[PDB]
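To keep things clear, I will list the structure first and then write my remarks on it.
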């Protein structure tokens, strides 16, 4: 009937705020680790400037 | 800036320590040029002692 189908239609939108938050769960954590992978720019710079010491 | 500035200071101490030992070597070389000059003067006064008329 009317009212029971309306609450189940909400659960499409109620899971969309979970899709909103999973897009801020994954994107928050995944690009933090390539902001942790930029230390490899510091690994290559140190040995290259070790040649400046050498 | 710790790895670079320390080795630039330590090289500049090393360069300045090189000129110190270079200056002190040529200054000590000037000692022995005067020291043997006083040593051979001590030998040549002994030859004045050997002959008698000039020594008396």
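Chains as they are written, first to last, in the authors' numbering: chain M, 6 to 59; chain I, 58 to 113. The beta carbon of each residue, even a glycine, is placed where N, CA and C say it ideally should be.
A straight-line Cα-Cα distance of about 24 angstroms links residue 70(I) and residue 51(M).
Residue state for residue 61(I) is assigned as helix, using DSSP reduced to three classes. The CB of residue 59(I) never comes closer than 8 angstroms to any CB in chain M; the least such distance is about 12 angstroms. DSSP places residue 112(I) in the coil class of the three-state scheme, outside both helix and strand. Per DSSP, residue 28(M) is not a residue of any alpha helix (DSSP H), being assigned neither H nor E.
Residue 58(M) reaches chain I at 60, 61 and 64, counting residues in chain order whose Cβ is nearer than 9 angstroms.
Secondary structure at residue 66(I): helix, using DSSP grouped into helix, strand and coil.
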